[PDB]
A.B. asks: 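I'd like to ask some things about the structure below.
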Amino acid sequence: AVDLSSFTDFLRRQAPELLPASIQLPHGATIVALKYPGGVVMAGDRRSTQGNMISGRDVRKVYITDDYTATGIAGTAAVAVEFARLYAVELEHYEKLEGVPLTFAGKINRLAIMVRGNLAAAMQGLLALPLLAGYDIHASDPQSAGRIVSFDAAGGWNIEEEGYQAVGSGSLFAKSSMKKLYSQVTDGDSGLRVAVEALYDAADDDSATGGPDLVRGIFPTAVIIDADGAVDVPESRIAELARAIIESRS
Amino acid sequence: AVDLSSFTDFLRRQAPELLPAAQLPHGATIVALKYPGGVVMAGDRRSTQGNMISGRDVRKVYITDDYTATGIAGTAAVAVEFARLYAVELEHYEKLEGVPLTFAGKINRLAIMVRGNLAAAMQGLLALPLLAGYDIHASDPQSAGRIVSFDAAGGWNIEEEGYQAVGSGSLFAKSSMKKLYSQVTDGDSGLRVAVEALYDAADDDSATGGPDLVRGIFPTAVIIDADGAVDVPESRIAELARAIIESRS
Amino acid sequence: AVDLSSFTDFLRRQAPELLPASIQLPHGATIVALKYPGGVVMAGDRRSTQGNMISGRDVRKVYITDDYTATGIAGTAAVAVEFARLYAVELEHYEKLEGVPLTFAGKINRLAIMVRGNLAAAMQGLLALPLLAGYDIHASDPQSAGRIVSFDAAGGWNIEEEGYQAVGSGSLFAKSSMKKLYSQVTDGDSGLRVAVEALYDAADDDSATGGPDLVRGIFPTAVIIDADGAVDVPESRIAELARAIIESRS
Amino acid sequence: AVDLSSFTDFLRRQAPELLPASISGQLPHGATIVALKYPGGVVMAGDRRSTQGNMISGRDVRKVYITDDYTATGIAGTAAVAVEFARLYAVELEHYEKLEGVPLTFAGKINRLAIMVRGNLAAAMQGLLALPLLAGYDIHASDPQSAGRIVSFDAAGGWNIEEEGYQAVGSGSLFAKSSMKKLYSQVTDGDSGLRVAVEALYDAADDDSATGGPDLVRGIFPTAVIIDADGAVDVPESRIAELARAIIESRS
Amino acid sequence: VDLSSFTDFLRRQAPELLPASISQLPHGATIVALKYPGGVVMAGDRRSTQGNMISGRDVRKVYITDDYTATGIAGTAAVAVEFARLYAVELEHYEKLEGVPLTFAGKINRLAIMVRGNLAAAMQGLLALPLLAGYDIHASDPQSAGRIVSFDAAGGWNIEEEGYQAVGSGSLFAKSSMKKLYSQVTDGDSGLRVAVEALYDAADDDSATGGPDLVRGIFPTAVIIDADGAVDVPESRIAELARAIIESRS
Amino acid sequence: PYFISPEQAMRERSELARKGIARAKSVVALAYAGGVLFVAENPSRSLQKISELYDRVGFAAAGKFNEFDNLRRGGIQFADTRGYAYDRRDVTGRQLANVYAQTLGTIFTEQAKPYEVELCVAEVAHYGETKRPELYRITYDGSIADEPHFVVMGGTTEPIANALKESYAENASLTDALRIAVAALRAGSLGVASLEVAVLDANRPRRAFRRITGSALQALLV
Amino acid sequence: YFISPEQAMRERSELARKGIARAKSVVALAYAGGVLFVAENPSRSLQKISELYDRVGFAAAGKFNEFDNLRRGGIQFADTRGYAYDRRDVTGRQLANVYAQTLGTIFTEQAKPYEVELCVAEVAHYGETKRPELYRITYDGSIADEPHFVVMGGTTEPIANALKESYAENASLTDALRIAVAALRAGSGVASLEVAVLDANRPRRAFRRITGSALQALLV
Amino acid sequence: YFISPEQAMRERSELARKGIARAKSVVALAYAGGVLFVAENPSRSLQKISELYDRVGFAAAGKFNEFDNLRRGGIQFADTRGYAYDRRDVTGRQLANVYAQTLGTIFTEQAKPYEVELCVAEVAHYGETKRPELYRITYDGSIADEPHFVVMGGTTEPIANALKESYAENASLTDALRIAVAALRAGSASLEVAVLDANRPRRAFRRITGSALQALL
């Protein structure tokens, strides 16, 4: 009964009820993430649907999970907010127990185990497909430090060397859009535009992904992460980037 | 292993039988909206089994502590078991820890009870709760009111719209409030709009019962502001009902 | 290790065999109950059927379960008989252990748990739907003291505001009849007549409910309960009431 | 109990969660892996594609890994399962070495891998399938020239030490094997063996859409490992790209 | 009760090691065995198939498991090898613990238990049908010393009085062939010739049984056992016998 | 050390307990027109020696904290559970005291060391009823006492007890009772910052337990 | 027969005091900054002062393996209650109450009691204005609510009085640090000192270690 | 006879102390190369110095079956944590902290305590520049953070002082090896030697044996 200093492993042994152990629900989201020199940005839409009905329009799907990482989760809304909270506690728990944060590779491995341990529930539709974005301080090069990691339902993880990735119902549209717009990414502001644009494109072709609501003023949420840590992009900066795009499509 | 001051957790460990885990009598509509310095919540009184009316006096909205109320829709039996248990769970933590749970902890606790019923809900023993509360710790009293909805998997959402509903007539009630909301400027106008949205739901959904003049049975409501949660007096609603009825004639 | 002073919780712990739950059984009955000032009355038919065959003609389905309550059970006969005996023991057991009887609400809650704990077996046909009739000593008003409680298969219970209730295969007929005859209830004699009449009507429209057998002299059984406790109504007084109704119909 | 000095069992006894025993009451997959023996050596190579149905999900995937100083494993099947197996098997091998101070005999390394495979049968029946190919150099063998070893495993853990001189696994393995059947006589050393290998993989990519061939636009090529008496080494990308272009211009 | 059993021991300590599985594969083989005066001989083909594809051409299926016995296994290639390895250890383990080898009857009974304990897995394709050949030193007559034992999937075993037996996909052909050729057996050389011929005939009518490969030089493997113990027949001796048979058919 | 006879063990165990208690802060519980008053000297602001158990049932203890907090939590579990399995109105102070007696009685006999605690379970009547408050004291031994007017536990009691007996008034107003209680506490040797005060107010409709703190308490004191 | 309780009591109690008395010392005191933790600690890898939760700190003296074991268990309890409810529901009072129950039980049921003494401290949440809370928990499970400072480890009286004489209700961090250092030296340098503080100013994670250069600067 | 809490500890403690006192000795010291391990060891099959993880070494003195037991469990703990997270998350500090908890528990709950004393050493990762770390964990479960060297087994004071007087921070492996041997002889094929090396890319541990060892001396 080795101690892995894992908060979830602890819960499993003594608090199973707390864990989202698993034996139509709101779903539908598109999350994108890309690498720009010396940085990584990640954004997600705000829609939630049950069948054809819009169940939510303010949903937040991208969360800063520690000073240098964020996670966006697509799939069944229930299962995703819980996953982000749990993962953040797991990360900070190891740090307090061991006085030092996990290496990036360790953080990835830990998330993969949480994912893989949900495959059975995901078969039944309580799916959670996460996207991980982080900046590695330990990495030798700050400019290329940014990291994007995707997970398949069995826990397989890939580190994308392409520089962009997406997950969710509109992810194909978002990825094709970034494929064209990527060369325009040269800093954190261009990269954040391209991200908000890829998400606009996804909302344009997928009814499950909501685009910018100018009537209620709800916009995608984003997080950017560079050597100085992870930060929530302010609504207003996103709203302005949205108008820019809308204005420019007209 | 680790004590959590949770009554439900204790029950499974020592009293599993007490724990809860067709057709059965079901069907309800519940609404909740925020008015400045307050929140109000109301529900109908009907219960049906197929096409037959099984109940006409059913109460579905309960004050669960001094600053919160819960309204539950779904199988009537499972929804009433839930309100009692959730109130005990809340008061149990307070006595053990000498301080009440923060609003966010009360939500998280309800979400765990809901989620742990998913298996049962798949087989028809569904319970979809709506939570209304006033948060004392909130920075502004006007924005103090809270409305939280839960999906069958425990996912919870704090509504930034201003109103919400659950149950068989919930679409009708929501569409109605969408039009009537701007008229809410206080606890009385807000209570009016709630009773009206419930009227509209009973109009288009046979599973939601509207006010019954012959038997003097009317929706039940609860209003909650900085001074705590209080049951609206039946009579107060009855006269809000006639007002709407007469106004529709 | 929390003492509930519960006979059934003791049983599950020690002698599970004695518990009812298991896994065309004889079944079918019509049971009615109504409130009259200062009292409540409850009555049930005597038939039992297996398919179309009459399996029993003397069956008693209404039992005094303590000094101020009685239960009538509709469903499989085997299940119903077991529930009534066990509930009475559970009630007297708590009284002997704690020296004081349960409050009316506690009695209800207890019955509800027994019902709900049989839901699985009910889905498989071993259905027991009880009706509880009681007089509350601690009730503020003696005239309104009588209580009628019905249970759905999941243990949901409802105290009857309406004044009367019925359960079983002929329950709809009995309820519609009482709806008309109820205003004629002014005392335990008028209320008793309205009860036997409702049972007569149920027997008239439902072949699973047996009405008064004048050839063998078998009649419904009834119990009445007021401030002086629960009493079995004597057969002859019911036979008398039956002949009145019959003669009056022809 | 009996201690086996097995990291797997220990995980099983105390850490079931860590173990890729994710078997329960379309995931990325698809790869072609080849391996062949040359005198005093063995070489192993694998493509870089990953697919989910018809969609290309990965183009940089590495499926061949050095697992100890004298062995490498290539796993084709579900991508998530295969990667997990490769890391686990390498730990299991180094774990026994540290506990006993001596590395497992080649036969022991085979047997151990076979038990990991066999214990995944139930999950493989359900699509969590990993089929490994093992390549190694046996120091203890009497002849250095015949030291190289190629072992294949069926889904039930059955293992076979290849007497042919080459083997392949994966969706393009029939094509790759038929190709090596013709090219094998050209293998005389590590470099000719490494060429044959990259060609057999080229032929597999030509007839199977699930196997990716050399991407000259992005510069992604098969990965390879060569193992002789001096141990296992990753072949450098440029040597493979060079070898690729040779085959490509030679097909044209 | 210590049974001095290697398998029973694994069963309580290391189930993971056990071949048995619960919760297509390479297979196919033809194995023959016959009695000659003062001896028994056993031989098996070298092919392995998966569907129509030839998966192996060098497979050895006949193993000397002890000084006086050999086993040949048919069915799923992986299972048979595991069974042969395990059976040999089981035998030598009892000898070391008790200082004396098992009686022939005891060796049979032990193999039968291993077979029978695999029935569930046999139902799911992991079938292992073994054939056991042995010489009994303690047998009253040296000529009659040779033994052949077959096992059905349930562990039922039978000691063959007919003089020969076969198992596997081409066993019917091999048995019909031996039925005609048996009278020609008068010693170990003639007996080994009939065995190689029966296997030749099985390869002729069954595509899952491979016959002598003259291009690669792969031939059936054989084991002969007399009073002096079990010995592997050398390849050249068999190749020569094969050529005699081939020549003779042309 | 050296093993002793059971008779000896009871005496030792018994002493070990008596000392721990005698050495702790004191608490008094007394009946009043308001219902029941709880006063204990608590320098601590966070620690509680007085708590709510159920609707009309309060708890007070003296002894080792970790040990009576432990019993406080168990009692709350017992009460909540019985109230849920039957009805809230079926939970009584008599039952909670009977439980504690069984518990302390067993800890005393089977635990390594007995519990260095003394406790009081008090019950007022239900909103609107008219029933004489009930007070129970339960010893470490597990013995249980039915007290008619007041209960004293913790530290050196005799002084407090006699003083309380001398000044006790059956219908004392909340203010008079509090003053008397403070005076009694003093004989064992007191401001808002060294006191822990609360009442089981019969007047309240459901949850009778109320803590009197700071400003409100101060005014009551003088 | 059974065994003597008074005897066991006394011997077990004496054993625990000796281990602690022979141990390095630690002080924790309230300040405008919030709470300050200073302990004499030669080692550079082994902590005696740690973060438990957002606004909750932990300091201990005694046998290391024994209190590091308690620190971990405490972090497990906090993380778990914050997960089951909300971060804001986790309090210093609760962590202390847990340690009490724990040491109390170890004391009574283990082979040897724990040779440790600990302090759980809690500052207010970013923006609130609440007096810092300090708790001391003894090896026997006794718990104390301290108003201004706590001292544990080795010989305390000197250190305690030293602090009693010079305590300031709202000392600047540098001044408070100097006072603490003075009491410690008085009781019995950067290299020999481990320092950290729960900072009210910090928005979420109050705990901060003051090390090397910065410490030296603060010291003088 | 029967004994008291304070008594029991002195006895257990003594029993341990004697057993360690009576075993062969081992030294571990920091050097430019990283960490050096020298132990007097007659046997050619029984190790007292082992690899735990990539950059983490182990050395012990005391009863063999008892410290082999702890070596194994440390290898299990390190492999498991490196698998659950990443290899780079496994540290010497963690292994030391685990041994402390373990000896601490054996000491208090087992019929007999462990007659062992051990050292966990960690060098930096290939390319990093970090001061080696050395930890000593006693039978009691006490843990110590040593800056330059550690000595355990048999009679230490001599060996300790001998090293205190002659220790150098950046000594060459040959020089460091000579210094360590001198200290070891004072304490008194037959010598076991290995190093944790910073230069090695992944596995720092290396045993210096036979001819290479002779040449180095």
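Chain A is the first sequence line, chain B the second, and so forth, proteins listed ahead of strands; every chain is numbered from 1. Computation of the quantities below employed the complete heavy-atom set of this structure, encompassing side-chain atoms and omitting hydrogens, waters and symmetry-equivalent molecules.
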A.B. asks: Does any non-hydrogen side-chain atom of G:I20 lie less than 4.5 Å from one of G:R17?
C.D. replies: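 Side chain of G:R17 against side chain of G:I20, heavy atoms only: no contact under 4.5 Å found.
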
A.B. asks: Measuring from G:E51:CD to A:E92:CD, what's the distance to the nearest 0.5 Å?
C.D. replies: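 That separation rounds to 6.0 Å.
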
A.B. asks: Would you say the side chain of G:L173 lies within less than 4.5 Å of the side chain of G:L36, judging by non-hydrogen atoms?
C.D. replies: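 They are in side-chain contact.
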
A.B. asks: For H:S13 and H:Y139, run side-chain hydrogen bond (donor to acceptor under 3.5 Å, both in side chains): C-alpha distance rounded to whole Å, both residues' side-chain angles, the deciding distance at 0.1 Å, then the answer.
C.D. replies: CA-CA 8 Å; H:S13 183; H:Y139 60 96; 2.8 Å; yes

A.B. asks: Restricting to non-hydrogen atoms, name the atom on G:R71 and the atom on G:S50 that form the minimum distance, rounded to 0.1 Å.
C.D. replies: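 In this case the closest contact between G:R71 and G:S50 is CD-OG, 3.2 Å.
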
A.B. asks: Can you check whether G:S25's main-chain N or O pairs, donor with acceptor, with G:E40's side chain at less than 3.5 Å?
C.D. replies: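 Indeed, once roles are kept as given, a pair shorter than 3.5 Å links the two residues.
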
A.B. asks: Between the main-chain N or O of G:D175 and the side-chain N or O of G:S172, is there a donor-acceptor pair closer than 3.5 Å?
C.D. replies: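 No, the answer is negative, given that no donor and acceptor are paired below the 3.5 Å cut-off.
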
A.B. asks: May I ask you to decide if H:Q101's main-chain N or O and H:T105's side chain share a donor-acceptor pair within less than 3.5 Å?
C.D. replies: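 Here the side-chain-to-backbone pair exists.
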
A.B. asks: So that I can tick it off, tell me whether H:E146 and H:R136 are bridged by a salt bridge, with the cut-off set at under 4.0 angstrom between side-chain N and carboxylate O.
C.D. replies: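 Here H:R136 pairs with H:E146 in a salt bridge, since their nearest N and O are under 4.0 Å apart.
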
A.B. asks: Can you give me the closest heavy-atom contact between H:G92 and H:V56, atom names plus distance?
C.D. replies: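 Result for this residue pair: N-CG2, 3.8 Å.
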
A.B. asks: Would you name the heavy atoms of G:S166 and G:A162 that are closest together and state the gap between them?
C.D. replies: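 Minimum heavy-atom contact is OG-O, 3.1 Å.
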
A.B. asks: So which atom in G:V38 and which in G:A180 form the shortest heavy-atom distance, rounded to 0.1 Å?
C.D. replies: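 Taking G:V38 first and G:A180 second, the nearest heavy atoms are CG2-CB, 3.9 Å.
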
A.B. asks: Can A:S5 and A:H93 be said to form a side-chain contact (heavy atoms from CB on, under 4.5 Å), step by step?
C.D. replies: CA-CA 8 Å; A:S5 282; A:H93 182 87; 5.5 Å; no

A.B. asks: Which heavy atom of G:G74 sits nearest to which heavy atom of G:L95, and what is that distance?
C.D. replies: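 Heavy-atom minimum between the residues: O-CD1, 3.6 Å.
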
A.B. asks: Side chains of H:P5 and G:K112, heavy atoms from C-beta outward: is any pair under 4.5 Å?
C.D. replies: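 With C-beta onward as the side chain, the pair stays apart.
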
A.B. asks: Evaluate the ring-ring contact (aromatic ring centres under 6.0 Å, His included) criterion for residues A:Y94 and A:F7: first the C-alpha distance (whole Å), next the side-chain angles of each, then the deciding distance (0.1 Å), finally the verdict.
C.D. replies: CA-CA 8 Å; A:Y94 180 93; A:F7 173 64; over 10 Å; no

A.B. asks: Donor-acceptor check, side chain of H:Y85 to backbone of H:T80, threshold 3.5 angstrom: yes or no?
C.D. replies: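 Absent.
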
A.B. asks: Step by step, work out the salt bridge (charged side-chain N to carboxylate O under 4.0 Å, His left out) result for G:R72 and A:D3.
C.D. replies: CA-CA 11 Å; G:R72 293 176 179 264; A:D3 196 318; 5.7 Å; no

A.B. asks: About how many Å separate CZ of G:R204 and OH of G:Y53, when rounded to the nearest 0.5 Å?
C.D. replies: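 So the gap between those two atoms works out to 8.5 Å.
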
A.B. asks: With rounding to the nearest 0.5 Å, note down the distance linking CD1 in H:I143 to CG in H:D145.
C.D. replies: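 One gets 7.5 Å once the value is rounded to the nearest 0.5 Å.
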
A.B. asks: So does G:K164 have more than 12 non-hydrogen atoms from other groups sitting under 6.0 Å from NZ?
C.D. replies: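 Open: at most 12 neighbouring heavy atoms sit under 6.0 Å from NZ of G:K164.
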
A.B. asks: For G:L118, which of G:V26, G:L70, G:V150 qualifies under side-chain contact (heavy atoms from CB on, under 4.5 Å)?
C.D. replies: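 Going through G:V26, G:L70, G:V150 one by one, the side-chain contact (heavy atoms from CB on, under 4.5 Å) with G:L118 is satisfied by G:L70 alone.
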
A.B. asks: Show the numbers, then the answer: is there a side-chain contact (heavy atoms from CB on, under 4.5 Å) between G:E11 and G:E14?
C.D. replies: CA-CA 5 Å; G:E11 294 151 8; G:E14 262 290 295; 5.8 Å; no

A.B. asks: Establish, from distance only, whether the side-chain atoms of F:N42 and F:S44 form a donor-acceptor pair under 3.5 Å.
C.D. replies: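 No pair is found: no donor N or O on one side chain lies under 3.5 Å from an acceptor on the other.
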
A.B. asks: Testing G:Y99, G:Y135, G:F207, G:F37 for ring pair (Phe, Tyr, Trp, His ring centres under 6.0 Å) with G:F58, which one passes?
C.D. replies: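 Between G:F58 and the candidates, ring pair (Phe, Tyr, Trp, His ring centres under 6.0 Å) is satisfied uniquely by G:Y99.
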
A.B. asks: Taking C-beta and beyond as the side chain, do H:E6 and G:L15 meet within less than 4.5 Å on heavy atoms?
C.D. replies: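 When only atoms from C-beta onward are counted, G:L15 and H:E6 do not touch, as no gap falls below 4.5 Å.
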
A.B. asks: My understanding is that only one of G:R87, G:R202, G:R205, G:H125 makes a side-chain hydrogen bond (donor to acceptor under 3.5 Å, both in side chains) with G:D54; could you say which?
C.D. replies: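 Single side-chain hydrogen bond (donor to acceptor under 3.5 Å, both in side chains) partner of G:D54 among G:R87, G:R202, G:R205, G:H125: G:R87.
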
A.B. asks: Report the distance from atom CG of A:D9 to atom CZ of A:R110, rounding to the nearest 0.5 Å.
C.D. replies: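 That separation rounds to 5.0 Å.
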
A.B. asks: Say whether, by atom type as modelled, one donor and one acceptor occur between the side chain of G:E66 and the main chain of G:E115 under 3.5 angstrom.
C.D. replies: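 Yes, G:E66 side chain to G:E115 backbone: donor-acceptor pair under 3.5 Å.
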
A.B. asks: Give a yes or no answer on whether the side chain of G:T156 reaches the backbone of G:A160 with a donor-acceptor pair at less than 3.5 Å.
C.D. replies: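 Not a single qualifying donor-acceptor pair exists.
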
A.B. asks: At their closest point, which heavy atom of G:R208 faces which heavy atom of G:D199, and how far apart are they?
C.D. replies: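 Heavy atoms of G:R208 and G:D199 come nearest at NH1-OD2, 3.4 Å.
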
A.B. asks: For the atom pair NZ (G:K63) and CG (H:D140), what is the distance rounded to the nearest 0.5 Å?
C.D. replies: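 The NZ atom of G:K63 sits 3.0 Å away from the CG atom of H:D140.
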
A.B. asks: Please check if the side chain of H:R55 supplies one atom and the backbone of H:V90 the other of a donor-acceptor pair under 3.5 Å.
C.D. replies: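 No.
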
A.B. asks: Between H:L103 and H:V116, is there a side-chain heavy-atom distance shorter than 4.5 Å?
C.D. replies: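 Yes, side chains in contact.
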
A.B. asks: Test your reading of the model: is there a side-chain donor-acceptor pair from G:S188 to the backbone of G:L184, 3.5 Å cut-off?
C.D. replies: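 No, because the side chain of G:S188 does not come within donor-acceptor range (under 3.5 Å) of the backbone of G:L184.
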
A.B. asks: Using modelled atom types only, decide if a donor and an acceptor are shared between the side chain of G:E117 and the backbone of G:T138 within a distance under 3.5 Å.
C.D. replies: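 Flag not set: sc G:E117 to bb G:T138 has no pair under 3.5 Å.
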
A.B. asks: Show, in sequence, the C-alpha distance, side-chain angles and deciding distance for G:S213 and G:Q216, and conclude whether the side-chain hydrogen bond (donor to acceptor under 3.5 Å, both in side chains) test is met.
C.D. replies: CA-CA 5 Å; G:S213 336; G:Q216 181 31 59; over 6 Å; no

A.B. asks: Are more than 12 heavy atoms, taken from residues, nucleotides or ligands other than G:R10, located less than 6.0 Å from that residue's CZ atom?
C.D. replies: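 More than 12 within 6.0 Å, yes.
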
A.B. asks: Determine, step by step, whether F:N66 and F:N70 satisfy the side-chain contact (heavy atoms from CB on, under 4.5 Å) criterion, reporting the C-alpha distance in whole Å, the side-chain angles of both residues, the deciding distance to 0.1 Å, and the verdict.
C.D. replies: CA-CA 6 Å; F:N66 69 114; F:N70 220 286; 5.9 Å; no

A.B. asks: Less than 4.5 Å apart, side chain to side chain, heavy atoms only: is that true for G:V35 and G:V197?
C.D. replies: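 In short, these two side chains do not touch, never coming nearer than 4.5 Å.
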
A.B. asks: If you define the side chain from C-beta out and look only at heavy atoms, does anything of G:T174 sit under 4.5 Å from G:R178?
C.D. replies: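 SC-SC contact between G:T174 and G:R178 ruled out.
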
A.B. asks: Under the salt bridge (charged side-chain N to carboxylate O under 4.0 Å, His left out) rule, what do G:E194 and G:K48 come out as? Steps first, then yes or no, please.
C.D. replies: CA-CA 8 Å; G:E194 187 177 353; G:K48 301 187 71 220; over 6 Å; no

A.B. asks: Evaluate H:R88 against H:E128 for salt bridge (charged side-chain N to carboxylate O under 4.0 Å, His left out), listing each step before the verdict.
C.D. replies: CA-CA 12 Å; H:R88 223 78 149 37; H:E128 320 178 308; 3.4 Å; yes

A.B. asks: Using the rule given for side-chain contact (heavy atoms from CB on, under 4.5 Å), can you reason through G:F77 versus G:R81, listing the C-alpha separation, both sets of side-chain angles and the distance that settles it, and then say yes or no?
C.D. replies: CA-CA 6 Å; G:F77 173 95; G:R81 303 266 297 214; 3.9 Å; yes

A.B. asks: Between G:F149 and G:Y167, what is the ring plane arrangement, given parallel below 30°, perpendicular above 60°, and tilted in between?
C.D. replies: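 Taking G:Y167 first and then G:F149, their aromatic rings stand perpendicular (interplane angle over 60°).
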
A.B. asks: Is there a salt bridge (charged side-chain N to carboxylate O under 4.0 Å, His left out) between G:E122 and G:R131? Walk through the geometry before answering.
C.D. replies: CA-CA 9 Å; G:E122 184 184 18; G:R131 296 188 62 99; over 6 Å; no

A.B. asks: Verify, without hydrogens or angle tests, whether H:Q110 (side chain) and H:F107 (backbone) share a donor-acceptor contact under 3.5 angstrom.
C.D. replies: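 It does not hold such a pair.
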
A.B. asks: Measuring from atom CG of H:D89 to atom OG1 of A:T103, what distance do you get when rounded to the nearest 0.5 angstrom?
C.D. replies: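 OG1 of A:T103 is found 3.5 Å from CG of H:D89.
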
A.B. asks: What class does the angle between the rings of G:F67 and G:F64 fall in, given that below 30° is parallel, 30 to 60° is tilted and above 60° is perpendicular?
C.D. replies: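 It falls in the perpendicular class, over 60°.
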
